[PDB]
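So this first bit is one chain, no partners, the form deposited in one PDB entry, shown in structure tokens.
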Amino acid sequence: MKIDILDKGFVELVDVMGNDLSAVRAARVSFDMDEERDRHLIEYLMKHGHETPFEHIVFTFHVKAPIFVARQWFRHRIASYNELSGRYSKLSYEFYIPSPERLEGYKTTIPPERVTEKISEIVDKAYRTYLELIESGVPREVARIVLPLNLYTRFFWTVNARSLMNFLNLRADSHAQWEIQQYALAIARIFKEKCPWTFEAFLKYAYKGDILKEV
């Protein structure tokens, strides 16, 4: 399961442990204890704020996104990450170039297409400088500091359903930067596919964002 994001990014499901019943199983071991009663249990937990059971469902995603997006994403501390190193490996000539539509709703002094060019220009100059420095003998960890924030990076993300729902509340929301919103929509999609009951209950009683209830 893979979903393309932005111009060169993506979100792909690597692994998953459990499903909706994993939360039911965990929670049930509380009352010292059926598709109908179990699904209702999930609604009950979601409705009353008992989310610890959902921590027993875990996902591992492989993500490709611009650094400025990853910086916001990595602020979510209740999760595990492993990302490509700009000091250990040579960075690929891959940058996020906003589409003209990105600026829609904004009256700019110059046509959107021009903005696209300006950004692509800097990217090109920075990357060339980067390559020159390396070939010149400068260590990679130093050379890459001239590279712009829209440079793509990749990382593995392991997170449980509870932290994932917090992520969606904050990132699958109009207040979050559009770019990460797009990734969050992808995460939600995959989450829905693997845990329909939990996702359904989440949207109905806990989800605090706005966009998931309109897309």
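Only residues modelled in both forms are compared. Residue numbers here begin at 1 and follow the sequence given. C-alpha atoms forming the largest set that superposes within 1.5 Å between two forms make up the rigid core.
Beyond the structure shown, there is the form deposited in another entry, which is absent from this document and is the topic of what follows.
- Per-residue Cα shift between this form and the one not shown after core alignment stays below 2 Å for all of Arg71, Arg128, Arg114, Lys90 except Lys90.
- In that other deposited form, the CA atoms of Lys90 and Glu12 come closer by at least 3 angstroms compared with the shown structure.
- Shifted regions between this form and the one not shown (3+ consecutive residues, every CA moving 2 Å or more on the core fit): 30-32, 86-93.
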